[PDB]
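What follows is a short report on a single structure.
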Amino acid sequence: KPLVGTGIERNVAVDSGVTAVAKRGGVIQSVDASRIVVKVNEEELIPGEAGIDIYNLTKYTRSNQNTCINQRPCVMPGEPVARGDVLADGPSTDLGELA
Amino acid sequence: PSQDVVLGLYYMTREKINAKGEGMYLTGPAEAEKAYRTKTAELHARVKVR
Amino acid sequence: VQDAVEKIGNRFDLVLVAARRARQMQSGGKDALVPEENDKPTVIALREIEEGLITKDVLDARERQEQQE
Amino acid sequence: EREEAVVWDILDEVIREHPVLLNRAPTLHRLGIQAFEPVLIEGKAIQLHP
Amino acid sequence: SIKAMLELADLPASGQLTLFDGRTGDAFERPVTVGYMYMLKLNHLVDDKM
Amino acid sequence: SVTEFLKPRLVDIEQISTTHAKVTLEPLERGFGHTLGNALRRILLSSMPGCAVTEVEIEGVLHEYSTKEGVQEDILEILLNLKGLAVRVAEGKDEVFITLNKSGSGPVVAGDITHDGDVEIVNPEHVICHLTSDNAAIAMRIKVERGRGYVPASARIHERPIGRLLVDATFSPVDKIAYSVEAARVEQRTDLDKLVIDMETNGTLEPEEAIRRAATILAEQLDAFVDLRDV
Amino acid sequence: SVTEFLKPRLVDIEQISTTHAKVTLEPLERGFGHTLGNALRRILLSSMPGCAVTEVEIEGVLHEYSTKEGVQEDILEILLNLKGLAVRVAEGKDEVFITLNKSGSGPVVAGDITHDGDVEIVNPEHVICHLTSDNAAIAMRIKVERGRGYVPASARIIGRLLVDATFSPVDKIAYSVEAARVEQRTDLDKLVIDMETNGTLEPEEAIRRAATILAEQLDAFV
């Protein structure tokens, strides 16, 4: 992270799409360097749905400028997560902040 | 010369009042070097040199 | 190369003379008139010119002597 | 191609007194191209006299 | 506010410290601005330009 | 007298922590405290032998840019974590192999490494990786070598089976060196000084041993000047 | 090996004069050139034992700012000339007194000083001052001590005037650290030391003694 920043980094990191943001809140059922599976809350589940969300993370994929695109998990198994929370950090991101 | 060379030659040739070693008598440039390296006198001390 | 241009007078003529001497030493079998001191033929030719041993007239005279022989 | 040591000594001997021409664009005047004696350095950047 | 933050961390209010030459151990004649700066590695690499 | 100096002696070691210590040299003449302190700081920070991780072999792993099921950290991250391992290897051995096998959820740390009695781990609490599943298992074979300085993997001279992962090695155990010259109360003279060296290391090298190795290096290098002749 | 370090292999000593020398050592490990050069320079400038003029008496002179008739140089200039007078004192003597008496016109020099045989003047042609009138006479009582380094008059602060103490025979020491390579290791260090002494010792001997002092300061640890 930048020690001296402006308070805009979170917006750029979230809206760039490089990070993995939670579509629905819940508890992180499974964490691994390539997968995040979250159990959605009861209150926000669609009727007759599986109730669980799967996030597959991009690992060491070439970019247009021959750089590295890597997504690293930033959560724990069992950690409560809400909608809009960052689950994985993409390139140049640290806990949801541009780096 | 420009930039750091000029700044260094400027700093080394400046003149300070009541610097350490003022009024000393030096046999030549070599003893001025010896006085500076031995912390006897400052870079900006007003002295008399042969 | 101030000494060489002082001995010759013109930088371009000095370059030509040194080039002729260097080609004589490299392509031909001519030996250096000064200690080599692990130096390239061009620099040794410059040193010879600075010492006054090599001039355009000297080279022309040596060429004429070689032609006579 | 195999980059043996004797190749490095040979390279030192060839560049011993062979001048090279350094240029920077735009070449506004003739001082934009000058001849220097090369010193072999480890790295990928040209070191220029200040 | 910057100075108050510096005093909270027990650091000089001027942001300047006394530094020593690692080659000699002698302190520099003036305080030096020392801090933390965010640096970037631009995509102009000598590997791709040599 | 004038021609004869008082030789400094080691008077105190204070162990603030496993990785922090203070060493006191006393007595010193005028000016010799700064000279010795700077020389010792430069030698300690540059030429201090140590042990470091050089090669790793993880079962089921072909290269560093990969992932293992049940492990939250990439192999790159695991190697970077292993770079911070503090290992002391018994004298006479410049090479050793250790093993790390762990199954089940939890942080895999340095205290789970099985050594052969000639290897001491100085930081058992150092976290190497994390296992996020009860079915996850990790099995690694780590190579520790003695060396000096910083030897990058690219600089190592070149068969190597696919799966052996090279790790950049920083052998020097010394992290930070500071030195202060204070007044010394010896007999009746007041010109004597005292040198305090604050050393922050990884815990592998003892303070006194470090001081004697630095002094030995300095004396050996000065031996050339003591016998100045054309060689 | 981990305890094996590079030792100098090419050592070249070029003697410009009897008091000036240049010593080049190559190759050295990275960073050791500065370590050795700085340590030797500090020892040679501030800790080398030697003998120098410390105090003076001149008849009829009470203060360093007083004036004496018949001498061209002022009193402070006379002290400055007394500073650069190379002396050797026989071992075991830590304080000697020399005398200089001269009447006439001309340059009064260091060779006109009478000693007791335990004091040797390296530079008898050194000019002490100049007498301008044939009726002017100079009487001088000089104290020579043995000390270490460069102790100025201000640090040591009856008619006894203090002279800056140039105990160390070293008049100038400079060192440069350049690059040197063996095989493909291009990060090695080469040390060049330019040294000039007053004449008491040769520069090589002075370097030897400085290295000896440094080495003996570490004896309790090696």
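Here the Kirkwood formula puts the hydrodynamic radius of the stretch F:104-161 at 14.4 Å, using every distinct Cα pair.
3J(HN,Hα) couplings calculated from phi for the stretch F:4-9 with the Karplus curve 6.51 cos²θ - 1.76 cosθ + 1.60 (θ = phi - 60°) are, in sequence order, 10, 9, 9, 6, x, 10 Hz; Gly and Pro show x. Around the amide H of F:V71, modelled in the peptide plane, lie the amide H atoms of A:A33, F:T132, all under 5 Å away and 5 or more residues distant in sequence or on another chain. Here the simple spin-label model places points 7 Å from the Cα toward Cβ, and for B:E22 and E:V34 these points are separated by 3.1 nm.
Pairs over the 28 Å Cα-Cα cut-off, from the set A:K23/E:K41; A:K39/A:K59; A:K1/A:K23: A:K23/E:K41.
Once you charge only the Cβ atoms, +1 for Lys and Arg and -1 for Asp and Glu, what is the size of the charge dipole of chain A about its Cα centre, to the nearest 20 debye?
On the way: 10 positive and 13 negative charges, 78 e Å.
Here the size comes out at about 380 debye.
Protection proxy ranking, highest mean first, for peptides G:167-173, A:75-81: G:167-173, A:75-81, where packing is the per-residue count of other beta-carbon atoms within 10 Å, averaged. Computed from backbone phi, the HN-Hα couplings of the stretch D:10-21 come to 4, 4, 4, 6, 6, 8, 3, 9, 9, x, 10, 9 Hz, rounded to whole numbers (Karplus: 6.51 cos²θ - 1.76 cosθ + 1.60, θ = phi - 60°; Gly and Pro given as x). Can you tell me which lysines have their Cα less than 28 Å from the Cα of F:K194? Leave out same-chain residues fewer than eight positions away. Within reach: B:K20, B:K34, B:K39, F:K7, F:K22, F:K176. Toward the positive end of the charge dipole of the protein assembly as shown, with +1 on the Cβ of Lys and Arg and -1 on the Cβ of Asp and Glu, the farthest Cα among G:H130, A:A50, F:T67 is that of A:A50. Dividing the helix sum by the residues of chain G, where each DSSP H run of 4 or more adds -39500 (n - 2.57), gives a mean residue ellipticity at 222 nm of -5500 deg cm²/dmol.
Enumerate the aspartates and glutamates that C:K7 could reach by cross-link, defined here as Cα to Cα under 20 Å, with residues fewer than 8 away along the same chain left out. List returned: C:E48, C:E50, C:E51, C:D57, C:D60.
Converting phi to 3J(HN,Hα) with the Karplus coefficients 6.51, -1.76 and 1.60 and the offset θ = phi - 60°, the stretch G:33-49 yields x, 5, 4, 5, x, 5, 4, 5, 5, 4, 5, 6, 8, 10, 9, 7, x Hz in sequence order, with x at every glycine or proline.
Treating r as the C-beta distance of C:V58 and E:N43 and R0 as 60 Å, the FRET efficiency rounds to 0.50.
Using 1/(1 + (r/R0)^6) with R0 = 56 angstrom and r between the beta carbons of F:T114 and E:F20, what's the FRET efficiency to the nearest 0.05?
Numbers: r = 45 Å, r/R0 = 0.80.
Working from the Cβ atoms, E equals 0.80.
Around E:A13, with a cut-off of 14 angstrom between Cβ atoms, what is the net charge of the other residues, counting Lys and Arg +1 and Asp and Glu -1? Residues close to E:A13 contribute a combined charge of -1. Spacing of the modelled spin labels on G:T99 and B:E15, each 7 Å from Cα toward Cβ, amounts to 4.6 nm. When only the Cβ of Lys, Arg, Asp and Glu is charged (+1, +1, -1, -1), the dipole of the protein assembly as shown relative to its Cα centre reaches about 1340 debye.
Taken residue by residue and averaged, Cβ atoms of other chains lying within 10 Å of the Cβ of F:125-136 number 2.
A quick note on method: Cβ atoms are made from the backbone with ideal geometry, for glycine too, and the neighbour counts reach across all protein chains shown. A short reminder: the numbers here are calculations on the coordinates, not readings from a lab.
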